[PDB]
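Here we start with a single chain on its own, the form deposited in one PDB entry, put down as structure tokens.
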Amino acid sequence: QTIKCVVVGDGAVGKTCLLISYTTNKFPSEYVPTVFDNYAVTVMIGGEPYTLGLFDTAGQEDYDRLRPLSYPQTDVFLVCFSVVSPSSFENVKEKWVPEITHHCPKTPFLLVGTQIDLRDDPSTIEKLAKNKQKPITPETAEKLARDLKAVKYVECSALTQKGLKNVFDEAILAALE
């Protein structure tokens, strides 16, 4: 059978890189915003192969009416934010969870923190500090996941691949559960 996994979240959060890094073990060398892309991979769990269908959506608000047309029969959502983008974290509560709830009320989702390799980056810590803000800690991310009311919180880096496979392994388990 086919697992339908839909990835949502603000622009610049890193959804395309997350997916290309995992499905291909290559990091995209360019930034190109998404309207819509559908990729497929095959995964095997306990001897049983599954097609994992991965829906890469646009985080730009311009696609608010169109994006959800892709949400029917979703098995699991990845609701993404960048651990170094507080505005993307706020929109999880304000835009993204409300959106996927409305369309798919009984579908499980994971809260996914992206770009964790940038937490200890001096010059992104600087960019944040010029507007008196700071990265999101796991402690804070995990409260939001509990409260909002996700399967769990996972985080990763598409660039280093730290925790990346785990994100999708938990997505797969959520869909099959």
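Just so we're on the same page, rigid core means the largest C-alpha set that superposes within 1.5 Å between forms. Numbering starts at 1 and runs along the sequence shown.
Same protein, other form: the form deposited in another entry, not shown, and the subject of what follows.
The rigid-core alignment places the CA of residue 59 2 Å or more apart between this form and the one not shown. Residue displacement note: residue 37 has its CA displaced by at least 2 Å between this form and the one not shown (rigid core superposed).
Relative to the superposed rigid core, the position of the CA of residue 122 differs between this form and the one not shown by less than 2 Å. Between residue 59 and residue 90, the C-alpha separation grows by 3 Å or more in that other deposited form, relative to the conformation displayed.
Pairwise change in that other deposited form: residue 148 and residue 59 C-alpha atoms lie farther apart than in the shown form, at least 3 Å.
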